[PDB]
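Input: a single structure, listed below in structure tokens.
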Number of protein chains: 4
Amino acid sequence: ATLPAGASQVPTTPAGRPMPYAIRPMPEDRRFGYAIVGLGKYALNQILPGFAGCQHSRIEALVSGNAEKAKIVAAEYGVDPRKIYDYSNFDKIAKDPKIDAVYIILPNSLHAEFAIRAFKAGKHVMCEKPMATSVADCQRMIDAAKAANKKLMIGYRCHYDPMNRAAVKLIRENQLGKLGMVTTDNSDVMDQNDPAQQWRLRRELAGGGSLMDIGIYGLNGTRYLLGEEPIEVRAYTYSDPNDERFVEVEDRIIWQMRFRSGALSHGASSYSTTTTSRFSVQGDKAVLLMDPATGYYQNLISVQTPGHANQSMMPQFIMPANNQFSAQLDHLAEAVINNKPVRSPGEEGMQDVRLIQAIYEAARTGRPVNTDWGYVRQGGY
Amino acid sequence: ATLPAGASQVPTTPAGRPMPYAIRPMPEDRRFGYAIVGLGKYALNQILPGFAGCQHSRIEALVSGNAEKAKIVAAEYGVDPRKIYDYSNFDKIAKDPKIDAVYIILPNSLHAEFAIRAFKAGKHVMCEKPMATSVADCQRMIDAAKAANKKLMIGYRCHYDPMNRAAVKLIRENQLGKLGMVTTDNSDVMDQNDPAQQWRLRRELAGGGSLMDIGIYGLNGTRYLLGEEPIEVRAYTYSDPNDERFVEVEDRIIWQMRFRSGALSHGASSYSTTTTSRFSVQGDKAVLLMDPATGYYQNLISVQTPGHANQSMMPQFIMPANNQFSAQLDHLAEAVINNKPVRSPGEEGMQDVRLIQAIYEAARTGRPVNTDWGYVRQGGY
Amino acid sequence: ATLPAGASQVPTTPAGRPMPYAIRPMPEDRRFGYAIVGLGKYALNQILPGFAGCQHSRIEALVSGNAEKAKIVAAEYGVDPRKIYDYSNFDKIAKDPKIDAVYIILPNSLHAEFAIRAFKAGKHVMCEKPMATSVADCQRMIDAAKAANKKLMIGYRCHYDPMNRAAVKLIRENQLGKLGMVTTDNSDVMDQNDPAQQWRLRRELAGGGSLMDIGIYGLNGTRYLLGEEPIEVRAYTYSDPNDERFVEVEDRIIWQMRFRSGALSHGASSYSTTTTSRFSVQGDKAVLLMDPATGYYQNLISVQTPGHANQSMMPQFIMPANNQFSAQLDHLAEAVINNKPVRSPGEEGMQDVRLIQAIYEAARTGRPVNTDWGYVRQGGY
Amino acid sequence: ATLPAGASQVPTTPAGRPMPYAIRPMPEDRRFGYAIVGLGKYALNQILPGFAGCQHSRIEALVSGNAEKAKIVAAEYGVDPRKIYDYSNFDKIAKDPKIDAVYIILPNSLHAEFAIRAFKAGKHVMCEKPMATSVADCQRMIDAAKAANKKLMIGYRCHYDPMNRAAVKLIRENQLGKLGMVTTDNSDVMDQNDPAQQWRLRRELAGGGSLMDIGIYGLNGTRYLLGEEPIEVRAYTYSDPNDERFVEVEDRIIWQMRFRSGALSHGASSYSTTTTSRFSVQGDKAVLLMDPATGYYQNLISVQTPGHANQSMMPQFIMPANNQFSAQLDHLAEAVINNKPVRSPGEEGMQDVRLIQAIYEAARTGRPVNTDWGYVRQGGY
Ligand SMILES: NC(=O)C1=CN([C@@H]2O[C@H](COP(=O)(O)OP(=O)(O)OC[C@H]3O[C@@H](n4cnc5c(N)ncnc54)[C@H](OP(=O)(O)O)[C@@H]3O)[C@@H](O)[C@H]2O)C=CC1
Ligand SMILES: NC(=O)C1=CN([C@@H]2O[C@H](COP(=O)(O)OP(=O)(O)OC[C@H]3O[C@@H](n4cnc5c(N)ncnc54)[C@H](OP(=O)(O)O)[C@@H]3O)[C@@H](O)[C@H]2O)C=CC1
Ligand SMILES: NC(=O)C1=CN([C@@H]2O[C@H](COP(=O)(O)OP(=O)(O)OC[C@H]3O[C@@H](n4cnc5c(N)ncnc54)[C@H](OP(=O)(O)O)[C@@H]3O)[C@@H](O)[C@H]2O)C=CC1
Ligand SMILES: NC(=O)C1=CN([C@@H]2O[C@H](COP(=O)(O)OP(=O)(O)OC[C@H]3O[C@@H](n4cnc5c(N)ncnc54)[C@H](OP(=O)(O)O)[C@@H]3O)[C@@H](O)[C@H]2O)C=CC1
């Protein structure tokens, strides 16, 4: 009965020790510089604070219209003041080699714009969701990327969230069986007094109501969970005509879709009901419930069968995977380096916009809108 | 300190004691006698077994077309062999004073016929859902009910399930705020080898597919959870064309509704995916999640707000309320003894059938169907 | 495609059909007749109500000291008024061939007496736990059982509860790995105003405090979850000195054990805190959490590993196994009919009593008590 | 029906916007510099990466024995290489005004040492748990802090974890009622091959087994949950004599405690069973279950009562509170600035060590160890 060699071989005095075991993502290099456009809610609450956890990304320069603020932010994240661009001279970034790409976090209407401008600035483009307010504008963004021979990546963080990935994997391993019915719901009360929620009420900047903003989650979700595209869609929308919030954009809208596989889906988004992010995938062996489904934190999934409910969630002491944000940032830096295609290409953001427009059309005409245009997902969902 | 009077006064020898505290519904009488029509799957697995927990009901007679089976069930439940009736001599129950009501648990297309025959036989009628296969038939049952001056109740067990009533209660107390979105799903894999599912695949006997069989739960649930009736419905249905199960009845169907209050809903029923009974009611203050929502056992409900999930389910040592089956059985009994209306009258059953026809009609035409026809829930939801 | 033979062959008119699929335990016979001794809280809330789901048992006679109460319960359960016995003429059951066994549900201190009298009366015996108030008395019951060549079973409902048996099963399949720590807690607020709790505060009638009443669950549970017996016990007990409830029996007691395999355990019982029934079994591969663990209803179990929580509980539409109450009742019946031993023989009851005395002794002396006395669970845990 | 002023007043063109709403901790100043000693597992996996989220803390200098490593780390976190101290010249830090305090994250045996040395270096001391390997050594650490007129803060992160705080609050608001039984368990398999787990096996560096390392959580927990100190304690320990891991330190140990309030507790820690962090507090109105109880992430709490389970956890889109780590770091920086006493003073770390030694004694002698020495918690628990 004797103690292990390693143990007994430890200096009962101050001594140097080896690299400890990594039970969570350790910082590596920082060879990718980002140009963050629009210092808004998402940019300052979830994106910037998510760089610290990156393994290959850094905030090289900011791009804000507000000076007082922009300077303050630059301090908190320690960015060279001489590198605080704006909407006027955003193009000058092409004169800095330390700017590998830009991350546009502006209202949907301004997405396409600064993307193309950025592409000519010889930088990679990471644009937020939804890609743009126009199908065509999405296409122009792509073309620009190809002309400038650069990478185009939309901000689909759920494509890099551990639980969402585990969700796709269990479904690919056929744990639910033959897929037949998906149900999604994404909701949160619209606050008109919130600076970030105002341009969302404006059909010009937003490009749509809840669907364009959060219903896109269920739409996108339904797509990568099923692992295929809708071939047909129907939809109905409605908003309280007395509510000033939805004069231009829609509050609630419900869409039904069919897939070549034969599977059906029905989901909805809302601006008048509180926090809801719930996905449901039904197969003939089991049903998957993701609730939370697409949150920033605390996502939880469960596979249910009579008498059983197997749940998954981030461990309580370890982090076998990085958070969606950092993972997303380093996903571009990583696609550039090893010269690989991104999982969230502009081609993907475009597909969502078409389908959304197809939906709005269905809601407008009250007829089904054929969406069998032959889109193909590059690199699987 | 010393022992209280209660304990100090307990004899140490064998002695009679008081009535004990009741922590569950105790039996009381067996005044109300039923005649069960149709010894099938629901009857033998749920209803018959349900008479034990009743406080006022008993099984007096059986009505089957399978003598071999009747004698067996009859002996299993201590029913008098003389009280076995077949479908042709069914009407003679009018001669038995000890038969107060019948419980029709026959295929949907046969409900009307026996309800009517039972009324002419001068008996009260409990009839399973769907009420019937035609709106008109629901009316003939109601008319016949009014002619015999007897009561007509449709078997909506969920109207007597502790958790459902609790979900209704917290909603009416405005714990969710203004209601805006309601989602429902009800699915279970159809197995044509099961004797009970065989007539369910026959349009002539079933009246319809998954909506008629289990979608009705999401429908009815949506109505008593909101406490209002829909003014219009839209819907789409699809069934694999090569699946022999759905030659005559629909497999999956999706339907969405709008209510006079402005709230919306979207639900689905399915015969090709595994067990699913789930309701969510989004308010602008909180969200109610019922999952399981309409199970025979283990219903569970959750009120969710960012950071919280207050769950409710049956206690583990006490039974505050009787089970839905026993309650439903005693509800008719009590309403007859105290001369009161039933919470689930034929009018209610008829309203579901009418709505179901509108949904099919809407699925069929691919157009909206106005259902704003002035149905008024007598006695509340 | 076309409809399968099954469906296409369903008559459209009233017709007898097959026996239905069974999704829950169906009644079969009522061969085994019991005589219930002691119409108290457990008898009237759980056991009597439990005879309905039995497949082989029935209530033939009642034994009470409160005639007014006996006639009422007798009428409630269709028992023959002639079959009511008081405590003095109890022995005459020997004259009734239709009485196969007795179910003693009297205060703990009176179990031995009636078990013995019942055996001399030539009947089988079901006796509640604690088996008795003295080790010696457990033996006299066993000896008397052997003399009448009749069976003796202690009422350990948990030995017939689907979830408990499931927890045992996953453990024996090594899903937790080598077991090392087991925690148990069983608590419920003692209310001396309740007639049933009155004798529980009398050392002479109860035999002990919370350990004898509900701690026994953690104890017994610990034993069948590990599948082995403890070799030594240590314990401490404390009760507010000014609380009239605990003048003679203990309120809270904590006890820890060591098993021949090396595993340890620490549990507690309590009469002054609210409802608690929780077991955790830590292995080096996973952890089992039973909560509720020993409830009358809604037991729930969870196997936990970093990032997962696989839960199990009764299904919502099917009843794979009969409830613990009905099962326990039929277990004795079956064992008599098929000439087999019972899973819960007096030896098992006696082992708990012996262990309980060791725990009290250990609490009293503040010293360890060796319990390595060679008890062997016949038939497995 | 017209759109809100704020909305309509947004430039459909690139425009500067105001500071967005903060739905999570925003970075403020960075006026507090930390000196991190020992670049081990905890230091590089949970502490350093937690500085980024601070509001007033920064990593000014490192103190490692290993040079190659230390330099690498310094890069990742961007620290001035010229500021990479070591165990030889750790004292020179007194020559740098930008070092406001040191954070000792060395083996327990080396805690007291570098603390006092640090205090004479005119810096504040943040020492990890357990405070030290000697009661006396704890006292010397305090004295040094008072002599150098500095602040002494132990690393009790659970004192700064949102859920743990919510736990204390609900208990203070009397939601559980009168507290009477606490149950804790802290376990994780010991990996001898893990560089960080080796000195823990050495009684000289560790100062104890699981209790000193993780059982301290349940001990500490029991204390701040109850909000009072134990007046008496008993304990038993045991380890498989064949396991090489526990030749010196103990694997498992179970302790029972009593409080002046009259409340009782029983908890345990383990090195041979997998991940377990579960606290249970029983009152006469409700029971609180914390599971996870003290994890790095995903903590969850539930208040249970018959039929109900109200759960709390971090929201899925917002962060109303900072993580325990950052919160802990900024807690010192904040106590220094506004000149306020820390909630985790050396006086607190000392109390735990005494109690632990008192426990080990109880486990050693097998007798109860009186702990009524009159400790008083400064600033509440
Ligand atoms: N994937 C996800 O989870 C989420 C994605 N998003 C997306 O991020 C993008 C930004 O929206 P969000 O941060 O919420 O909103 P905000 O209103 O808070 O910020 C918009 C930012 O864009 C700039 N901007 C330029 N022109 C305008 C204009 N005319 N009106 C308003 N802002 C302007 C501003 O930068 P500055 O003031 O500094 O000059 C401002 O900070 C959207 O495309 C949104 O869909 C949002 C939330 C989550
Ligand atoms: N509320 C609820 O939760 C549920 C309600 N139900 C309802 O109960 C009713 C019966 O359905 P269910 O028990 O599942 O089905 P079953 O097929 O198992 O039984 C139907 C019964 O009615 C009698 N019957 C008479 N003529 C026919 C016929 N031509 N074809 C089939 N059966 C006939 C038979 O009884 P016998 O052999 O003795 O003559 C048969 O057992 C339906 O209206 C259904 O909607 C069903 C499930 C759940
Ligand atoms: N396995 C389980 O889950 C449970 C088992 N039990 C066990 O059941 C047995 C009865 O307890 P419980 O039903 O709770 O208690 P009760 O006090 O409610 O009833 C005891 C019954 O025994 C009879 N009795 C005869 N003499 C006495 C006496 N001197 N004092 C009190 N009662 C007397 C009475 O019946 P009558 O009036 O008709 O003469 C009385 O109703 C106990 O041994 C207990 O441990 C209890 C709860 C749960
Ligand atoms: N509150 C909490 O949640 C936790 C607190 N801790 C505490 O943190 C402290 C550090 O332990 P932990 O990080 O897990 O362990 P590690 O073994 O991984 O690291 C110990 C560090 O201390 C230094 N050190 C100096 N002398 C020695 C020595 N003789 N043997 C080993 N290391 C030495 C080393 O620094 P370098 O190699 O760089 O020279 C080494 O990096 C402990 O007091 C522990 O209790 C640990 C986990 C969680």
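Positions of Cβ are generated from backbone atoms using ideal geometry, with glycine treated the same way; all protein chains shown enter the neighbour counts. Coordinate-derived values only; no laboratory data.
For B:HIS124, the residues whose amide H sits under 5 Å from its own are B:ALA101, B:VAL102, ignoring neighbours fewer than 5 places away on the same chain, with H placed 1.01 Å from N.
The local environment of C:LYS69, defined by Cβ-Cβ distances under 13 Å, has a net charge of 0 under the rule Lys, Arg +1 and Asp, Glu -1. With K and R counted +1 and D and E -1, the other residues having a Cβ less than 11 Å from that of D:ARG165 yield a net charge of +2. Between identical copies, the spacing of B:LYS92 label points, each set 7 Å from Cα toward the C-beta atom, reads 4.3, 10.4, 11.1 nm from nearest to farthest.
In order along segment C:186-191, the phi-based Karplus estimate (6.51 cos²θ - 1.76 cosθ + 1.60, θ = phi - 60°) of 3J(HN,Hα) comes to 9, 9, 6, 4, 6, 10 Hz; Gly and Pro are listed as x. For segment C:287-292, 3J(HN,Hα) computed residue by residue from phi via the Karplus equation (6.51, -1.76, 1.60; θ = phi - 60°) reads 10, 9, 10, 10, 7, x Hz, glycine and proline entered as x. Quick check on my link table: of B:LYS71/B:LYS120; B:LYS71/B:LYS95; B:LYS98/C:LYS123; A:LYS69/A:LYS340, which ones sit more than 30 Å apart, alpha carbon to alpha carbon? Result: B:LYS98/C:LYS123; A:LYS69/A:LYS340 exceed 30 Å. Peptide packing for D:199-210, A:332-343 was compared via the average number of neighbouring C-beta atoms within 10 Å per residue; ordered from the highest value, the list is D:199-210, A:332-343. With K and R counted +1 and D and E -1, the other residues having a Cβ less than 12 Å from that of A:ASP243 yield a net charge of -3.
Going from the residue with the fewest nearby Cβ atoms within 10 Å to the one with the most, A:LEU48, B:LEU170, B:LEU3 rank B:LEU170, B:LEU3, A:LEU48.
Taking amide H as placed 1.01 Å from N in the peptide plane, the amide H of B:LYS178 sits under 5 Å from that of B:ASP284, B:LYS285, each at least 5 places away or on another chain. Treating each Cα of the protein assembly as shown as an identical point scatterer and summing with the Debye formula, the log10 of I(q)/I(0) at q = 0.05, 0.06, 0.08 Å⁻¹ comes to -0.46, -0.67, -1.14. As a proxy for reagent exposure, C:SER269, C:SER57 were ordered by neighbouring Cβ count within 10 angstrom, fewest first; the result is C:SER57, C:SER269. Every Cα-Cα pair in segment A:180-316 was counted, and those over 26 Å apart are 30% of them. Label-point spacing for B:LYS120 across the identical copies (point 7 Å from Cα in the Cβ direction), in nm and ascending order: 6.8, 8.7, 11.0.
Mean per-residue shielding of peptide B:178-185 is 6, counting Cβ atoms of other chains within 10 Å of each Cβ.
Taking only alpha carbon atoms, segment A:57-130 gives an Rg to Rh ratio of 0.94, where Rh is the Kirkwood radius. Computed from phi, the 3J(HN,Hα) profile of segment D:270-284 under the Karplus parametrisation 6.51, -1.76, 1.60 (θ = phi - 60°) reads 8, 10, 10, 10, 5, 2, 8, 9, 9, 10, 9, 10, 9, x, 8 Hz, with x in place of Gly and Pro.
Hydropathy first: keep DSSP H helices in chain C averaging at least -0.5 on Kyte-Doolittle, then drop any whose Cα extent along the axis falls short of 24 Å, and list what survives.
Span-like helices in chain C: C:346-365.
Near the amide H of C:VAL247, within less than 5 Å, lie no amide hydrogens of residues on another chain or at least 5 residues away, with H placed in the peptide plane.
Counting, for every residue in B:275-282, the Cβ atoms of other protein chains within 10 Å of its Cβ and taking the mean gives 6.
For A:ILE72, the point set 7 Å out from Cα toward Cβ sits 4.0, 7.3, 8.0 nm from its twins in the other copies, listed from shortest up. Between A:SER88, A:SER64, A:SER261, the GNM of chain A built on Cα springs shorter than 10 angstrom shows A:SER88 fluctuating the most.
Put in line by how crowded their Cβ is, counting other Cβ atoms within 10 Å and starting with the fewest, C:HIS266, C:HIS331, D:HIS308 read D:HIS308, C:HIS331, C:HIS266.
Separation of segment A:328-381 and segment D:141-164 by C-alpha centroid, Å? Result: 52 Å between the Cα centres. Relative contact order, whole percent, for segment A:209-267 stands at 39, derived from Cα pairs under 8 Å and 6 or more residues apart. Relative contact order for segment B:160-256: 27 percent, from Cα pairs under 8 Å spaced at least 6 residues apart, divided by residue count. For the segment C:189-200, counting C-beta atoms of other chains within 10 Å of every residue's C-beta and taking the mean gives 4. Of all beta-carbon atoms in chain B, the one sitting closest to the axis that brings chain B onto chain A gives B:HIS266, 3, with the distance in whole angstrom. Note: relative contact order over segment C:55-192, using C-alpha pairs below 8 Å and six or more positions apart, is 15 percent. Pick out which of D:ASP330, D:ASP352, D:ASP243 has the largest mean-square fluctuation in a Gaussian network model of chain D, springs linking Cα atoms closer than 10 Å. Highest fluctuation among the options: D:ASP243.
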